[PDB]
Structure formats: C-alpha cells, structure tokens
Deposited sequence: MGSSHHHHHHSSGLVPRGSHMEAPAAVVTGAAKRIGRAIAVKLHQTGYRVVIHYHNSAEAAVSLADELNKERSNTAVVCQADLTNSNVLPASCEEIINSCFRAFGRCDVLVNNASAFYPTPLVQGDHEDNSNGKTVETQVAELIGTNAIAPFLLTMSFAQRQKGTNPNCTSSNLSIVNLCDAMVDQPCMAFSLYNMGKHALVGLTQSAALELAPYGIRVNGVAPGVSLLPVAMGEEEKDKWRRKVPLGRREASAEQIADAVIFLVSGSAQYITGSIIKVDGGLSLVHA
C-alpha cells in the first residue's frame, strides 16, 4: 500500500510544491484549499493523470471559530475515506498580513485568521491525526525570521511562535505513539504576489547564499527529508531553509 499525506493550503506556491514532491515520492495526497478551488482541482487532475486515484481535494476555512475542530477532524477523515490511512500531515496553510499595534477586518477577526491558520488549526489537525491512528509524522511550516520579525506583524509572529511551541509539545507527547513532529522554517522563499518587484530584489539581496529566494521545491525538499526513513530519529526539530538570512545582523 502507498502511504497518504494531508497538505494544507496545497493549491499554490509552497504547499503545491510540497504536495507534488510527496506524490512523486509515492504518497497519495489530500490537497486542502480554502479559496483556490480551481487551482486545487487542476493539481489533482495533474497528479491523477500520473497515477489514478492518488489525489483528492478537501475544502475548509482554517480561521478559528466554533466549527474549526469539526472542520479539522473532517480534513483528517477525508484522507482516511479516500485512502484508508493517514501517514503524514503537513501544516502549511497560513494567513499573513500586518496588524499594527498603534493606529476593515476587526482585530478579533485578525486574531481568528492569523492565530487560527498558523497555530490553532495545526493543533486541532494534530489532535485529529493522532486520535485516528509505519512512519508517521507531522511537518509544520514555520518561519526562520521568528526572532527578527517583520515590523507591525505581531499577530502573525505570535501565531508562528505558537506553532514552534506546538511542534515541541506535540513531538514530546506523541513520541510514544511513534508519530514524529518537526518543522521547516523558510526565510525568503516565494515572495508575495502583491509585493512590488523593487522590494522583492531588496529582500533577495539580503540572502548570503546566492542573493536569491528559496524556490518552493527547496522548501519541499526539507519536508521530504523530514517525512522519510532518513529522519526516523528526528522529532522536535525545526530545519531552517533560509540561505543564511537569519544570521545577517541589521
């Protein structure tokens, strides 16, 4: 039997790269999406052309709310329904935008989105993944710049720190069940679609190794290592994939 993976936010960019690589490695994949239905299905179409019935899609909002646990549980269930098993969870989906401390979503909607997508949904999915249970692991997409954060990104930063705490707490607690829990921390990978090109080059120029961003594939490579048999003793570890960026003083 082929193992199975859930990748959240898998329609585009890094999540897509991660789904594609797991599938190339032999996984069957659940492609979760929120708004990008068309892109999710076109990826599944591409993956299912390669190997029939090895990719499904799954829709969910991962904003925190009264129904988030049920949604998270259904994401995990959808993998069991499609493939009869769930070997790997990749927590990739993530809201990202500024939340200034001093001055139209309300602040509490921003808390729900930023803290839900980056921390609470990962926790709930982690609970469901472990409950519903080999080489089992979870990989959380973290952020190499958590200790030198973007200015005015308090909530996003809080959510990523919380995700580090989850990675550690879950590694500790799930080790007796054979479930490893690790992270991959990009620095500058694919820049935001909205960022202007000048500003993109400014960030690229900061990176010591090659003065460029990481491709989505290079991030996906670290995920693939972490879920592999070459990482069977690794839990609680967060691998930076940042080209030295986090080492560069102001």
item: Deposited positions lacking CA coordinates; value: 1-21, 125-132, 163-171
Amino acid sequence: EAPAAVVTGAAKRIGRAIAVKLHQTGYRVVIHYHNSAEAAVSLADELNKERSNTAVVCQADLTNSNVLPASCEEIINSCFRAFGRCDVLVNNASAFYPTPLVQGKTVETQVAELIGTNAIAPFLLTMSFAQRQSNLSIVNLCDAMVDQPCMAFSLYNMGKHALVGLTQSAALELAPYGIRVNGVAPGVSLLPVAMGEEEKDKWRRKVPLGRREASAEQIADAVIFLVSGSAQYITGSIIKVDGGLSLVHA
From here on, numbers count along this sequence of modelled residues.
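Each form is matched to the other, and the largest set of C-alpha atoms that superpose within 1.5 Å is called the rigid core.
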property: Positional deviation of Cα atoms in 9 other deposited structures of this protein after core superposition, greater for 65-73 or 210-218; result: 210-218
property: Check: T117 without coordinates in a third or more of other entries; result: no
property: Other PDB entries, at least a third, lacking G104; result: yes
property: Of 158-166 and 171-179, the one with larger mean CA B-factor; result: 171-179
property: 20-28 set against 232-240, stretch whose average Cα temperature factor tops the other in the entry; result: 20-28
property: Most elevated Cα B-factor in the entry, residues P186, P208, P192, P69; result: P192
property: Residue with maximal Cα B-factor (values as given in the PDB entry) among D87, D147, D143, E113; result: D147
property: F123 - which third its CA temperature factor falls in, relative to the rest of the chain; result: lowest
property: Ranked against its chain, the third holding the CA B-factor of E197; result: highest
property: Record-listed C-alpha B factor of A152: chain third; result: middle
property: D45 CA temperature factor, ranked by third within the chain; result: highest
property: Chain-relative CA temperature factor third for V6; result: lowest
